[PDB]
>>> print(open('entry29.cif').read())   # mmCIF, N, CA and C atoms
data_model
loop_
_atom_site.label_atom_id
_atom_site.label_comp_id
_atom_site.auth_asym_id
_atom_site.auth_seq_id
_atom_site.Cartn_x
_atom_site.Cartn_y
_atom_site.Cartn_z
N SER A 1 230.17 67.59 277.55
CA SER A 1 230.64 68.94 278.02
C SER A 1 231.85 68.70 278.90
N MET A 2 232.35 69.75 279.60
CA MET A 2 233.52 69.62 280.52
C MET A 2 233.40 68.52 281.55
N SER A 3 234.36 67.55 281.52
CA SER A 3 234.35 66.42 282.46
C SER A 3 233.09 65.46 282.30
N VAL A 4 232.47 65.52 281.15
CA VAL A 4 231.26 64.70 280.79
C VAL A 4 231.40 64.16 279.40
N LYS A 5 231.80 62.89 279.33
CA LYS A 5 232.04 62.25 278.03
C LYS A 5 231.29 60.98 277.79
N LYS A 6 230.79 60.79 276.56
CA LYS A 6 230.25 59.49 276.10
C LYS A 6 231.35 58.44 276.20
N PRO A 7 230.97 57.16 276.32
CA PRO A 7 231.98 56.09 276.32
C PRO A 7 232.92 56.12 275.06
N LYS A 8 234.24 55.87 275.27
CA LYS A 8 235.27 56.00 274.19
C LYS A 8 235.16 54.84 273.14
N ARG A 9 234.51 55.11 272.00
CA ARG A 9 234.66 54.31 270.74
C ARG A 9 236.13 54.03 270.32
N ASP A 10 236.43 52.76 270.04
CA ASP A 10 237.80 52.34 269.76
C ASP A 10 238.06 52.74 268.30
N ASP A 11 238.94 53.72 268.13
CA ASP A 11 239.27 54.26 266.79
C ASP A 11 240.68 53.84 266.36
N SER A 12 241.32 52.94 267.12
CA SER A 12 242.73 52.52 266.87
C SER A 12 243.00 51.76 265.54
N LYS A 13 241.98 51.11 265.03
CA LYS A 13 242.00 50.42 263.74
C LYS A 13 241.47 51.23 262.52
N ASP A 14 241.03 52.44 262.77
CA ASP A 14 240.36 53.22 261.68
C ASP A 14 241.32 53.43 260.48
N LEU A 15 242.56 53.80 260.77
CA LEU A 15 243.60 54.08 259.72
C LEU A 15 243.81 52.88 258.81
N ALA A 16 243.99 51.70 259.41
CA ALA A 16 244.07 50.46 258.69
C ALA A 16 242.85 50.08 257.93
N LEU A 17 241.70 50.23 258.54
CA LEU A 17 240.48 49.91 257.85
C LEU A 17 240.15 50.89 256.64
N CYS A 18 240.39 52.20 256.84
CA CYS A 18 240.22 53.17 255.69
C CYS A 18 241.20 52.78 254.52
N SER A 19 242.42 52.37 254.89
CA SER A 19 243.42 51.91 253.88
C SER A 19 242.91 50.71 253.08
N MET A 20 242.25 49.76 253.75
CA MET A 20 241.73 48.60 253.12
C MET A 20 240.58 48.94 252.22
N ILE A 21 239.66 49.76 252.68
CA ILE A 21 238.61 50.24 251.79
C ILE A 21 239.18 50.92 250.51
N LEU A 22 240.16 51.77 250.70
CA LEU A 22 240.74 52.55 249.62
C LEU A 22 241.40 51.59 248.64
N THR A 23 242.06 50.51 249.17
CA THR A 23 242.63 49.45 248.29
C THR A 23 241.58 48.81 247.42
N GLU A 24 240.40 48.52 247.97
CA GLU A 24 239.35 47.90 247.29
C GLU A 24 238.76 48.86 246.23
N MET A 25 238.74 50.16 246.53
CA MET A 25 238.25 51.16 245.54
C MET A 25 239.30 51.27 244.39
N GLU A 26 240.59 51.29 244.72
CA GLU A 26 241.70 51.35 243.75
C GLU A 26 241.69 50.19 242.74
N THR A 27 241.28 49.03 243.17
CA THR A 27 241.35 47.81 242.39
C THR A 27 240.03 47.48 241.70
N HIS A 28 238.95 48.22 241.93
CA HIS A 28 237.69 48.04 241.21
C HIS A 28 237.91 48.35 239.71
N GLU A 29 237.30 47.56 238.86
CA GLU A 29 237.46 47.79 237.43
C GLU A 29 236.93 49.14 236.92
N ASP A 30 235.97 49.77 237.59
CA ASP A 30 235.48 51.06 237.26
C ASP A 30 236.20 52.28 237.97
N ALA A 31 237.33 52.05 238.54
CA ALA A 31 238.11 53.05 239.23
C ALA A 31 238.87 53.98 238.26
N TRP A 32 239.10 53.52 237.01
CA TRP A 32 239.98 54.25 236.06
C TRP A 32 239.74 55.77 235.93
N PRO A 33 238.49 56.27 235.99
CA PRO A 33 238.39 57.76 235.92
C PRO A 33 238.92 58.54 237.10
N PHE A 34 239.20 57.79 238.22
CA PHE A 34 239.42 58.37 239.56
C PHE A 34 240.79 58.10 240.12
N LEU A 35 241.63 57.37 239.42
CA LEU A 35 242.93 56.93 239.95
C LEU A 35 243.95 58.05 240.12
N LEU A 36 243.87 59.03 239.23
CA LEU A 36 244.82 60.13 239.14
C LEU A 36 244.11 61.43 239.05
N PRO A 37 244.76 62.54 239.47
CA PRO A 37 244.14 63.85 239.30
C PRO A 37 243.80 64.15 237.81
N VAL A 38 242.66 64.78 237.61
CA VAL A 38 242.24 65.23 236.26
C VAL A 38 243.30 66.22 235.78
N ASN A 39 243.69 66.11 234.50
CA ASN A 39 244.80 66.97 234.00
C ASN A 39 244.19 68.35 233.64
N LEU A 40 244.48 69.32 234.48
CA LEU A 40 243.87 70.65 234.38
C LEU A 40 244.35 71.46 233.21
N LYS A 41 245.48 71.06 232.61
CA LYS A 41 245.93 71.65 231.33
C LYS A 41 245.19 71.07 230.16
N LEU A 42 244.77 69.81 230.23
CA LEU A 42 244.23 69.15 229.06
C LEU A 42 242.76 68.95 229.07
N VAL A 43 242.06 69.38 230.13
CA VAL A 43 240.60 69.20 230.17
C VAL A 43 239.98 70.55 230.37
N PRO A 44 239.55 71.14 229.23
CA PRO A 44 238.83 72.40 229.26
C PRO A 44 237.68 72.44 230.24
N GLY A 45 237.63 73.52 230.98
CA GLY A 45 236.55 73.80 231.89
C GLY A 45 236.75 73.27 233.31
N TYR A 46 237.63 72.28 233.44
CA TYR A 46 237.73 71.57 234.78
C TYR A 46 238.22 72.43 235.90
N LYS A 47 239.29 73.20 235.60
CA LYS A 47 239.92 74.05 236.59
C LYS A 47 238.94 75.08 237.16
N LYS A 48 238.21 75.74 236.27
CA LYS A 48 237.26 76.80 236.69
C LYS A 48 236.01 76.27 237.39
N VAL A 49 235.51 75.15 236.91
CA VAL A 49 234.27 74.65 237.39
C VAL A 49 234.41 73.87 238.69
N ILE A 50 235.47 73.07 238.79
CA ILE A 50 235.59 72.10 239.98
C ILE A 50 236.51 72.71 240.99
N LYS A 51 235.92 73.24 242.03
CA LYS A 51 236.67 74.13 242.89
C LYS A 51 237.65 73.31 243.79
N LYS A 52 237.29 72.06 244.10
CA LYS A 52 238.16 71.22 244.89
C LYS A 52 238.37 69.84 244.24
N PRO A 53 239.32 69.70 243.33
CA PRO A 53 239.58 68.42 242.65
C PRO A 53 240.02 67.40 243.69
N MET A 54 239.61 66.15 243.49
CA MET A 54 240.04 65.08 244.42
C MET A 54 240.09 63.79 243.59
N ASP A 55 240.98 62.89 243.95
CA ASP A 55 241.16 61.60 243.25
C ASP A 55 241.75 60.58 244.23
N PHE A 56 241.75 59.28 243.85
CA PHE A 56 242.19 58.22 244.78
C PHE A 56 243.65 58.35 245.16
N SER A 57 244.53 58.72 244.21
CA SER A 57 245.98 58.81 244.51
C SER A 57 246.31 59.93 245.53
N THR A 58 245.55 61.03 245.49
CA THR A 58 245.60 62.16 246.37
C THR A 58 245.08 61.78 247.75
N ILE A 59 244.00 61.02 247.77
CA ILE A 59 243.51 60.46 249.06
C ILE A 59 244.56 59.52 249.64
N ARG A 60 245.12 58.63 248.81
CA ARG A 60 246.14 57.71 249.31
C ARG A 60 247.34 58.45 249.96
N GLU A 61 247.84 59.49 249.32
CA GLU A 61 248.97 60.23 249.85
C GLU A 61 248.59 60.98 251.17
N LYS A 62 247.39 61.57 251.22
CA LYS A 62 246.90 62.23 252.44
C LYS A 62 246.81 61.18 253.59
N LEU A 63 246.28 60.01 253.27
CA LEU A 63 246.09 58.94 254.23
C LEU A 63 247.44 58.50 254.83
N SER A 64 248.36 58.18 253.94
CA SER A 64 249.69 57.75 254.27
C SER A 64 250.53 58.75 255.05
N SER A 65 250.19 60.03 255.11
CA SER A 65 251.02 61.09 255.66
C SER A 65 250.32 61.79 256.80
N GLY A 66 249.27 61.12 257.35
CA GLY A 66 248.55 61.68 258.53
C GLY A 66 247.87 62.95 258.36
N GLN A 67 247.32 63.16 257.15
CA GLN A 67 246.58 64.36 256.91
C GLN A 67 245.03 64.23 257.06
N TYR A 68 244.56 63.04 257.38
CA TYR A 68 243.15 62.87 257.86
C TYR A 68 243.10 62.82 259.42
N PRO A 69 242.47 63.83 260.02
CA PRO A 69 242.34 63.79 261.49
C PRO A 69 241.40 62.74 261.99
N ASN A 70 240.42 62.28 261.20
CA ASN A 70 239.54 61.25 261.68
C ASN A 70 238.86 60.55 260.45
N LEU A 71 238.14 59.46 260.71
CA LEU A 71 237.55 58.70 259.57
C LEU A 71 236.48 59.55 258.79
N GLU A 72 235.81 60.54 259.40
CA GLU A 72 234.85 61.35 258.68
C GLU A 72 235.48 62.28 257.61
N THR A 73 236.68 62.78 257.90
CA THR A 73 237.36 63.63 256.92
C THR A 73 237.77 62.76 255.74
N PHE A 74 238.11 61.49 255.98
CA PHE A 74 238.46 60.54 254.90
C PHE A 74 237.21 60.34 254.00
N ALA A 75 236.06 60.06 254.62
CA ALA A 75 234.79 59.83 253.81
C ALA A 75 234.42 61.07 253.00
N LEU A 76 234.66 62.25 253.55
CA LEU A 76 234.31 63.49 252.87
C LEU A 76 235.12 63.64 251.54
N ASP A 77 236.41 63.32 251.57
CA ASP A 77 237.22 63.32 250.33
C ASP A 77 236.79 62.25 249.34
N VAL A 78 236.45 61.03 249.82
CA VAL A 78 236.00 60.00 248.90
C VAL A 78 234.73 60.53 248.19
N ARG A 79 233.79 61.03 248.99
CA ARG A 79 232.50 61.50 248.42
C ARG A 79 232.73 62.68 247.46
N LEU A 80 233.69 63.57 247.77
CA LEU A 80 234.09 64.67 246.91
C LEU A 80 234.45 64.17 245.53
N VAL A 81 235.16 63.02 245.43
CA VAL A 81 235.53 62.48 244.15
C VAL A 81 234.22 62.23 243.32
N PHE A 82 233.22 61.63 243.96
CA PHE A 82 231.98 61.32 243.22
C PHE A 82 231.06 62.46 242.95
N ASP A 83 231.03 63.42 243.83
CA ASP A 83 230.35 64.68 243.65
C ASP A 83 230.92 65.51 242.56
N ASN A 84 232.24 65.58 242.49
CA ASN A 84 232.91 66.22 241.32
C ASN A 84 232.56 65.54 240.01
N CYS A 85 232.62 64.22 240.01
CA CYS A 85 232.28 63.43 238.81
C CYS A 85 230.85 63.77 238.31
N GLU A 86 229.89 63.81 239.23
CA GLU A 86 228.48 64.15 238.85
C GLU A 86 228.34 65.57 238.36
N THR A 87 229.11 66.49 238.93
CA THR A 87 229.13 67.88 238.44
C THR A 87 229.58 68.04 236.96
N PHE A 88 230.55 67.26 236.53
CA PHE A 88 231.18 67.41 235.24
C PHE A 88 230.76 66.43 234.15
N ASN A 89 230.10 65.30 234.51
CA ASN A 89 229.89 64.22 233.56
C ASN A 89 228.37 63.93 233.53
N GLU A 90 227.87 63.75 232.33
CA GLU A 90 226.49 63.30 232.16
C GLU A 90 226.34 61.91 232.81
N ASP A 91 225.18 61.70 233.45
CA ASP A 91 224.79 60.34 233.97
C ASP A 91 224.90 59.21 232.92
N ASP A 92 224.50 59.50 231.68
CA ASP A 92 224.54 58.55 230.59
C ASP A 92 225.87 58.70 229.81
N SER A 93 226.97 58.41 230.49
CA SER A 93 228.34 58.38 229.92
C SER A 93 229.06 57.28 230.63
N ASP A 94 230.15 56.78 230.08
CA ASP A 94 230.88 55.77 230.79
C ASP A 94 231.40 56.30 232.15
N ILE A 95 231.92 57.53 232.17
CA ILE A 95 232.51 58.08 233.41
C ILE A 95 231.39 58.35 234.39
N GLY A 96 230.25 58.84 233.90
CA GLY A 96 229.11 59.19 234.76
C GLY A 96 228.61 57.89 235.47
N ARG A 97 228.50 56.79 234.74
CA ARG A 97 228.03 55.52 235.30
C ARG A 97 229.06 54.94 236.28
N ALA A 98 230.34 55.11 235.92
CA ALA A 98 231.48 54.71 236.76
C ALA A 98 231.34 55.34 238.12
N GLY A 99 231.05 56.64 238.14
CA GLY A 99 230.94 57.37 239.40
C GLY A 99 229.81 56.92 240.28
N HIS A 100 228.66 56.69 239.65
CA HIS A 100 227.54 56.13 240.43
C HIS A 100 227.85 54.79 240.98
N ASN A 101 228.46 53.87 240.18
CA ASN A 101 228.81 52.55 240.63
C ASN A 101 229.80 52.58 241.81
N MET A 102 230.84 53.42 241.67
CA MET A 102 231.88 53.49 242.73
C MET A 102 231.32 54.06 244.02
N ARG A 103 230.44 55.02 243.93
CA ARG A 103 229.84 55.62 245.11
C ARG A 103 229.03 54.57 245.89
N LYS A 104 228.20 53.84 245.14
CA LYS A 104 227.53 52.66 245.74
C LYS A 104 228.42 51.66 246.41
N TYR A 105 229.49 51.19 245.74
CA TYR A 105 230.43 50.30 246.27
C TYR A 105 231.05 50.83 247.56
N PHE A 106 231.42 52.13 247.55
CA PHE A 106 232.04 52.76 248.71
C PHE A 106 231.06 52.79 249.94
N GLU A 107 229.83 53.18 249.70
CA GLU A 107 228.89 53.46 250.77
C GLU A 107 228.53 52.15 251.48
N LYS A 108 228.50 51.04 250.74
CA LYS A 108 228.29 49.72 251.37
C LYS A 108 229.45 49.32 252.23
N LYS A 109 230.69 49.41 251.71
CA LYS A 109 231.85 49.10 252.49
C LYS A 109 231.93 49.95 253.74
N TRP A 110 231.54 51.21 253.62
CA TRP A 110 231.63 52.15 254.72
C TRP A 110 230.65 51.71 255.88
N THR A 111 229.40 51.49 255.54
CA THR A 111 228.36 50.97 256.43
C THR A 111 228.76 49.64 257.05
N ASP A 112 229.19 48.67 256.24
CA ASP A 112 229.58 47.38 256.75
C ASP A 112 230.81 47.40 257.65
N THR A 113 231.76 48.32 257.42
CA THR A 113 232.95 48.35 258.22
C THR A 113 232.74 49.12 259.53
N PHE A 114 231.92 50.17 259.52
CA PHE A 114 231.89 51.15 260.60
C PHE A 114 230.50 51.35 261.28
N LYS A 115 229.37 51.05 260.61
CA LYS A 115 228.00 51.23 261.18
C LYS A 115 227.36 49.91 261.67
#
>>> encode(input="entry29.cif", output="structure tokens")
Amino acid sequence: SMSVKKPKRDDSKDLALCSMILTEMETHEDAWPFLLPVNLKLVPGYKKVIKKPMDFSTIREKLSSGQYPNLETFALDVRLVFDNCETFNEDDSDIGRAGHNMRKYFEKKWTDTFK
């Protein structure tokens, strides 16, 4: 509350560390469905159904331009990518399995880097 604060967690490395995680997600062999925005002209149903499209290149540009106010807003966009994938793709598809795998990979890096 006013003039009452918990001890200050050092957040000075968060930007660098989120960038490193994102590099590791970019270079994973199962990243291919997520590297670029889904083409809304060429994929029937996507525009109407997926209310907030998100992809790694869009996260990278937001990251690079100071559009994440803190590390939690960064995690929310990463998770959005996988939540969108589960909304549109069957679990038993190459893209559906890709999404589950990447989400796992991300959540471990996130815990190991920050928790």
>>> select_by_dssp(input="entry29.cif", residues="region 2-107 of chain A", states="helix (DSSP H, G or I)", output="PyMOL selection string")
chain A and resi 14-27+29-34+46-49+56-64+71-88+94-107
>>> closest_residue(input="entry29.cif", among="A:26, A:55, A:94, A:61", to="residue 78 (chain A)", atoms="only N, CA and C atoms")
A:55
>>> atom_distance(input="entry29.cif", atom1="atom C of residue 30 (chain A)", atom2="atom N of residue 102 (chain A)")
6.6 Å
>>> atom_distance(input="entry29.cif", atom1="atom N of residue 115 (chain A)", atom2="atom N of residue 76 (chain A)")
14.3 Å
>>> resolve_selection(input="entry29.cif", expression="the PyMOL selection byres (((chain A and resi 64 and name CA) around 12) and name CA)", output="ChimeraX atom specification")
/A:15-16,18-19,22,57-63,65-69,74
>>> closest_residue(input="entry29.cif", among="A:85, A:54, A:80, A:2", to="residue 36 (chain A)", atoms="all atoms listed in the file")
A:54
>>> residues_around(input="entry29.cif", residues="residue 25 (chain A)", least_positions_apart="5", cutoff="9 Å", atoms="only C-alpha atoms", output="list in words")
residues 20, 30, 31, 56, 102, 105 and 106 of chain A
